[PDB]
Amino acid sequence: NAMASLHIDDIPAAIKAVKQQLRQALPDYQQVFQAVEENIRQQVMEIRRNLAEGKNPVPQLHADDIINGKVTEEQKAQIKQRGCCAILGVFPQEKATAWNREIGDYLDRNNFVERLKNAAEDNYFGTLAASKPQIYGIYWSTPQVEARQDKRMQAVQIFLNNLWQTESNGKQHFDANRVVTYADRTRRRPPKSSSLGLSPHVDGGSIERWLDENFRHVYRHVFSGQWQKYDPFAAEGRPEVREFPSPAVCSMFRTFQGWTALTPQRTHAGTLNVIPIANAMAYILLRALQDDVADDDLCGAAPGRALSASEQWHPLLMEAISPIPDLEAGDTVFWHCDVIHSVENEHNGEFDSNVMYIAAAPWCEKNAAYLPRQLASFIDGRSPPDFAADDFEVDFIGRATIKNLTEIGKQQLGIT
């Protein structure tokens, strides 16, 4: 709400006032930063050493091993330190491959490209926002609806949500054993194509991480100097954070963002890059408080945009950028909501690199509040409320409906 009432042109003054308060509460902000920096440097060295050894620094598990409860305590600790995980064989390869063809048909038959070109204005900006598109405002294809409700996928999301410390001061901040569905888009990157994608960033808020008292509570051990107590997997306070209202706001708390692979994923073939450092955010928060940063500036952090990590202000973090592991169709990869990530710039592969966005979102009040309005958009075939009201699929042939839904899918979408 406080964020909801702050004008976009009052932000620089907001930042100036709040930065003074944080430097005053944490007078040794420099020494704390240097201590945090050393902890980060040690994670970076280890990641670079993994890469140099030919090991991918992103942890990998088999869905079967999750389902059968064979994941060891050391593996869970590794995932929590790296803040990410690739999970293989969630779906059979045959199914995912068919899913890929089906989404393609779905787009082909309903003339998506032609519709996108029409929905764009004659601006330079509009027009190849509407040609060679890579992210598709497509939400209700049967493969998306089937993928979200699958039992294996549910077990994997429950596993991941249980990595969090969900209980604090007598209160359950979310139910890790209960999954709700967050409908999202699908991406299809052609070989040899350029990238529109954002540079290394984190979704879920930018300036607000400093300006909002609720975000600052999530990060209380960072701003008080007790950085060793900061825990990225502590749930407390995260479903309560306030964001500047914008198209970048997600209505749901997601513990992990996720990709489900519809095609093989390879390095240098349009795959995902991450910085696998779960507590990188502490470095970023503290970085913006140093003396070499202007008073009304937070290292470029800006309204209505994902928080960016740059070579300019965070060259240490950039040293730890890594491609995700190779994936086959039916594999997945997940990353903590605070993990820095980025689509790689170039795709020199032979075929389209295609994925569905499918996150892990646990049951909680915040997330429960979004379900009814999301359900309405599903019922209508409209774009969900967190997205541009393109509403492409209202009249699409073969759009998925309530009748494609299992009982799991029904409960995850808030149909009782």
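We number the residues from 1 along the sequence you see.
Of the two segments examined, 309 to 317 and 111 to 119, it is 111 to 119 that shows the higher average Cα temperature factor in the deposited entry.
Once the C-alpha B-factors are averaged per stretch, 216 to 224 and 296 to 304 rank with 296 to 304 first.
Of the residues listed, 42, 60, 34, 348, the entry assigns the biggest Cα temperature factor to 348. Residues shown: 163, 339, 196, 86. Highest C-alpha temperature factor in the entry: 196.
Ranked against the other modelled residues of its chain, the C-alpha B-factor of residue 265 as given in the entry falls in the middle third. In this PDB entry, the Cα temperature factor of residue 68 sits in the top third of its chain's modelled residues, the highest group. The PDB entry assigns residue 243 a C-alpha temperature factor belonging to the highest third of its chain's modelled residues. Split the chain's modelled residues into thirds by C-alpha temperature factor. Residue 190 is in the highest one. The PDB entry assigns residue 52 a C-alpha temperature factor belonging to the highest third of its chain's modelled residues.
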